Ligand SMILES: Nc1ncnc2c1ncn2[C@@H]1O[C@H](COP(=O)(O)OP(=O)(O)O)[C@@H](O)[C@H]1O
Ligand SMILES: Nc1ncnc2c1ncn2[C@@H]1O[C@H](COP(=O)(O)OP(=O)(O)O)[C@@H](O)[C@H]1O
Ligand SMILES: Nc1ncnc2c1ncn2[C@@H]1O[C@H](COP(=O)(O)OP(=O)(O)O)[C@@H](O)[C@H]1O
Ligand SMILES: Nc1ncnc2c1ncn2[C@@H]1O[C@H](COP(=O)(O)OP(=O)(O)O)[C@@H](O)[C@H]1O
Ligand SMILES: Nc1ncnc2c1ncn2[C@@H]1O[C@H](COP(=O)(O)OP(=O)(O)O)[C@@H](O)[C@H]1O
Ligand SMILES: Nc1ncnc2c1ncn2[C@@H]1O[C@H](COP(=O)(O)OP(=O)(O)O)[C@@H](O)[C@H]1O
Ligand SMILES: Nc1ncnc2c1ncn2[C@@H]1O[C@H](COP(=O)(O)OP(=O)(O)O)[C@@H](O)[C@H]1O
Ligand SMILES: Nc1ncnc2c1ncn2[C@@H]1O[C@H](COP(=O)(O)OP(=O)(O)O)[C@@H](O)[C@H]1O
Ligand SMILES: [Mg+2]
Ligand SMILES: [Mg+2]
Ligand SMILES: [Mg+2]
Ligand SMILES: [Mg+2]
Ligand SMILES: [Mg+2]
Ligand SMILES: [Mg+2]
Ligand SMILES: [Mg+2]
Ligand SMILES: [Mg+2]
C-alpha cells in the first residue's frame, strides 16, 4: 500500500509512475528540486531532501513505509550510505538499484534485501522475449 | 534460431548468455576486443567488428539472422548508425537499446522494431514486483 | 514570407542575410549569444534558444513559419534532434544541413524535406561552373 | 577540357565525379592513398602525391591543365602553400576552397583567381532556392 | 607483534617501512606486482593478491594477524569491500585509510575500528608543530 | 601569532581550523572562492587571491606573517611557484605540502624550510601508533 | 633609427626593450591592450591596434619606418596576412618571426626579407656557445 | 667534446645538428621515438629514454659527458625534473632551455648552470641585428 522511492532519475521516476497507477501511496524524495517537481504530479507526496543526512531520514519516517527504493545511480557512495542509514532507520524491506557488479557486491553484504541491476536484468528478459 | 547481438556491455552480454543458455546460437559483435574475448567463452561465434560500417555489416551477413539486437549504450550516434545500417542490410527484426526517449523516437523513425529502455522498463517491473 | 533559421554558423547567417535582403522576415535562433547578436543587426527577430528542447520550440511557434532551416553543423545529434522536434511541432517544410551521407539518410528517415550537403553540393556546383 | 583537382575530400571528390560525368579529363591528386583509390574509379588518372612539394608539382606538370582546383580545407597553411606553388609553376587559373574568411582573404591577396567558400556560397544558394 | 598491510601505495609503504624497523612481522599485500616488489625488501613477506576476493582473504589467514591496515585510496569501492571482507574473516581490529569524508562516514558504519584521513590528520599535526 | 595558509583543501582547512582553535590568527588564501567561504566562517581573515602572482603576494604582505603554509596539493607547478614567490617576498619560514618525493627535493632546492608529505608522514605516524 | 614592432609577446617585448635601450624610436603595436600597456613604459609610442586590418596599417605610416618586425606567433594566418599588408603598404624591409617550418616557407615565398625562427636559431647559437 | 642533448624538439635537434656538424659527438635522448629516429641519422648515438627517471639517467651515464643540454620545452615539469636528476647524478655543466622567467628562476635554484630563453634571447639578438 505505502511505498517510498529515493532518487528520481529515469529509473526512479518510472517506479513512481507505475506505483501510482495501482493506487498506492508513494513518497518520492530527491536531492534535486527539478526532479522532485517532475514527480510531484505522479506521487502522493514529493519532497526535496538529502537521504544521506541521517537526521533527515529520521524525520521522514521510512520505518512506517512498507518498502523503500533507493534509486541513486551516478554516485556509488551515496547509494551505499543511504542504504545503511535506511537500515538503522528501521526499514524492514530495502530495495537498492545498482549500476555495477562491484556496487552490487557491497550492497548485498551491507544488508540490502533486493539489488536491482537494470542492464543485467533487462538483458535476461529481452533475451526471453526474443526466444518467445 | 540464430541471433546477432551488437555491443557487449552489461545488457548485450546478459542477452547473449541467456540466448545461448536457452540453446540458441548467438553472434556477439563488438569493437572492444576485451569484451569480445569475454563473450567468446560461451557464444557460438564472436567477432571484433565495427557495425557502423556498411561493408563490415555486409561481411557479417546480418540478413541471415532472424533477430539482431543492437546494445550500444553510451554512443547514441553509433546506436542509430548501427540500426540504420542493419535495416538497410535487410534485417527482418531489429531490437535496439535506447537510453532516453528522444533516442527511442529517432530509432522509431529509423525503423527499429522493438526498442528497450533498460532504466524505465526495469523501473516498471520493479514497481509491479513490489506491488506483488 | 516568414522563415526560421536554426543555427547561425557560416551557412545559417548566409541564408538569413540572403533571405532578409530579399524582403522576407527571418527568425534567427542559436544557443551562442554572440552569433545571435551578430545576426540581430539585420535579422527581423533573433532569439537565443535551445532548439533541441521540445518545450522551447513550442514557445518559438515554428509551426507558424512557412519554412524552417536547421543549420546546426558540428553537433550532429543536435541536428537530428532539432529536425525531429520541428517535425513533431507541425512544421510543413524543414530544410536541414547535413555534413555526411550517413546523417542525411537519418534525416530522411526523420522527415526532413530538403537536405543540403554544403561540401558535396558546392563541389558539384563549382564543377559545373568550371565546365561552362 | 582538361582539369586537375588537388585534395580529394568530400568537396574534391564531388568536383571529380561531376567533372568526369560531364566527360572531361581530370587529374586527382591527394596525399592520402585510400582517398586516391576512392577517386581512381572515376577520374582519368589518380596520383598519390604531396602538392606542397615544389619538385612534385613540377613533375605533375600542372601548367598544361586548363584549371587546377585546390580542395585542401583542414590545414589552411597547406592550402596557401599549394596555391603559391601552383601560381609559381605557371597555372593560368587556380581555384581554391577556403573554409574561413581569414583564409579567403589571404588567398585573395596571394593571387587565387577563384575562392570557394562552400558554407557561405551554399547558404546564399539555399536561401535563393527557399525564396523561389 | 604481527601485522598485515593491504595496499602498497605511498601511505602503505610508509607503514611497512616503519613497522619492520621496530622488529615486528609485516605481511604486505597489493594487487599490483610492481609495488609488491618494492616492499619485498622492506617486509617479512610480500604477496601479490586481490583483497576483494573473498576466498583469497581466507587463504591469507588475516584473522591470525593482530592488526590489518587497508590502504587502498584511489578506488573507494575496493576499500569498502576489502574492509567488509576483512571483518567477515574474523579480524579483530581493522585500520582503513579514507581519502574523503564521505568514504570515512561509510567506513565508520561498516565497522572499521580506526579510520585514517592523511590530509585531515596531518593537517592537525602540522598546525600543532607550528604552534610550538 | 600570525599565520598564512595558502590553499584551502583538506590539509589547508585542517591546519587553519587547528591554528584558529588554538587562539592564533590565520590568513586563508585560495583561488577557489567556494573554499574561501567555509574558511571565512572561522578564519580571522580569508582572501580570494592567486599566490603564484608576484604583485598579488606583495599585496598580501606575507612578509608580516611569522609562518606561511602552502597547501597546494594537486597543482605541483602552483606549489613550486608559490614557494618561490613567498621566498622572494621575504617570509622567514615556509612550510610546504608535497605529494611527491621529487616535488619535495625541488622544494628543498627552492628554499622551503619544512616540507610535509601527508601520505608518507601519516603512514609513519600510523605505524608508530599501531606498534605502541 | 626608427623601427616598428608588431606583436608584443615575449619575443617582441624583448626586441622593443633592446631597441629602445640602444637609443632608437620604436612603435610597439599589439591588439591586446595589456601587452601594449606593458611595453608603453619602454617604447617611444605604444598603440593598441589590429595590424591585420588594412586601413589601420595604412593610417600607421609603416612605410616611413626603416624596419618593421612582425612578432605574431600563435596565429599563423595573422602573421602571413600582416606580412602581406605590410608589404602592400610599401614597407621596404619586413622581418617576420615564424614558429614552424611551413610558416617559414610561406613567409619566404610571400616576400619577407628576414624570417626568424627562435628555437632553431638559438639552437645553433647555444651549440656554438657550448663548442667555444 | 662529448655532449648530451635531452629533448629533440626544434631547439634540441638544432643544437645536435650544429654540435655534430662541428665535429663533436652528441648523444640525443628523447621519449618520442620519431624524433630519436630523425636525429639518429646524423648524431653519434641516439637513445629513446625517459630522463626524469633516476635509474634511466644512471644507465645513460650522463656524468661522463662534459655538457648536458636539456631542451624539454612544452613540459616544464619534465624540464625541472630532468635538471634536478642531471644535477644530482653528477653532471658538471647543465644547460637548460626555459620558456618563461619563472621557470628560469626555479632552474637557477635547482642548479642549472646556463639557462637559455629562446624567445627573449632571439628578441635581443634580432634587435641588435637590426640596429647594425
Ligand atoms: N543524497 C541524495 N539524496 C537524494 N537524492 C539523491 C541523492 N544523491 C543523488 N540523488 C538523486 O538520485 C537520482 C539518481 O540519478 P543518477 O542516475 O545517479 O544520475 P542522473 O540523473 O545523471 O542519471 C538523481 O535524480 C539524483 O538527484
Ligand atoms: N560502432 C560500434 N560497433 C560495434 N560495437 C560498438 C560500437 N560502438 C560501441 N560498441 C560497443 O557497445 C557496447 C556498449 O557499451 P556501454 O553501454 O558504453 O558500456 P556498459 O554497457 O558497460 O554501460 C560497448 O562495449 C562498445 O564496445
Ligand atoms: N541545440 C542547438 N540549438 C540551436 N543552435 C545550435 C544548437 N547546437 C548548435 N547550434 C548552433 O549552430 C551553429 C552552427 O554550428 P557549427 O557548424 O559548429 O558553426 P559553423 O557553421 O560556424 O562552423 C553554431 O553556431 C551553434 O551555435
Ligand atoms: N600537402 C598535400 N598535398 C596533397 N593533398 C593534401 C595535402 N594536404 C592535405 N591534402 C588532402 O586534402 C584533403 C582535404 O580534405 P579535408 O577538407 O581535410 O576533408 P575532411 O575534413 O573530411 O578530412 C585531404 O583529403 C588530404 O588528403
Ligand atoms: N582489490 C585490491 N586488492 C589489493 N590491493 C589493491 C586492490 N585494489 C587496489 N589495491 C592497491 O591499493 C593501492 C592504493 O594505491 P593509491 O595510493 O590509491 O594509488 P595512487 O598512488 O596511484 O593514488 C594501490 O597501489 C593498489 O595496488
Ligand atoms: N595559485 C593558487 N593560489 C592559491 N590557492 C591555490 C592555487 N592553486 C590552487 N590552490 C588551491 O590550493 C588547494 C590545493 O588542494 P587540492 O589538493 O587541490 O585539494 P584537496 O586537498 O581538497 O584534495 C585547493 O583549494 C586549490 O584550489
Ligand atoms: N592582428 C594582430 N594585430 C596586432 N597584434 C596581434 C595580432 N594578432 C596577435 N597579435 C599579438 O601578437 C602577440 C604574439 O602572440 P604569441 O606569439 O602567441 O605570444 P604568446 O604565446 O606570449 O601569446 C600576441 O600577444 C598578440 O597580442
Ligand atoms: N621526460 C622526458 N624525457 C626526455 N625527453 C622529453 C621528456 N619530455 C619531453 N621530452 C621531449 O622534449 C622535446 C621538446 O618538447 P617540445 O618543446 O614540445 O617540442 P618542440 O620543441 O618541437 O615544441 C619533445 O620532443 C619531447 O619529446
Ligand atoms: Mg538518470
Ligand atoms: Mg550497456
Ligand atoms: Mg555552418
Ligand atoms: Mg573532407
Ligand atoms: Mg599512492
Ligand atoms: Mg589537501
Ligand atoms: Mg609569446
Ligand atoms: Mg623546442
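Each value in this text was obtained by applying a stated rule to the coordinates, not by laboratory testing. For neighbour counting, all protein chains shown are included, and Cβ atoms are generated from backbone atoms with ideal geometry for every residue, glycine included.
Some values worked out for this structure:
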{"quantity": "For the axis carrying chain B to chain E: nearest C-beta residue of B, whole Å", "calculated": "B:34, 13"}
{"quantity": "Quarter of Cα convex hull surface for segment C:1-72, i.e. mean projection, nm²", "calculated": "4.1 nm²"}
{"quantity": "Most mobile listed residue (H:75, H:113, H:121) in chain H, GNM with C-alpha springs under 10 Å", "calculated": "H:121"}
{"quantity": "Cα coordinate range in chain H, projected on the principal axes (Å, largest first)", "calculated": "47, 33, 26"}
{"quantity": "Neighbour-count order for F:38, H:59, fewest beta carbons within 10 angstrom listed first", "calculated": "H:59, F:38"}
{"quantity": "Residue-averaged [θ]222 nm for chain C, counting only DSSP H segments that reach four residues, each worth -39500 (n - 2.57)", "calculated": "-14500 deg cm²/dmol"}
{"quantity": "Descending semi-axes in whole angstrom, ellipsoid equivalent of the protein assembly as shown, from the Cα gyration tensor", "calculated": "53, 48, 31"}
{"quantity": "Cα centroid separation - segment C:62-132 against segment H:48-69, whole Å", "calculated": "59 Å"}
{"quantity": "Rg/Rh ratio calculated on Cα atoms of segment E:46-101 (Kirkwood radius)", "calculated": "0.94"}
{"quantity": "Cβ-Cβ FRET estimate between residue A:88 and residue E:53, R0 fixed at 45 Å, reported to 0.05", "calculated": "0.95"}
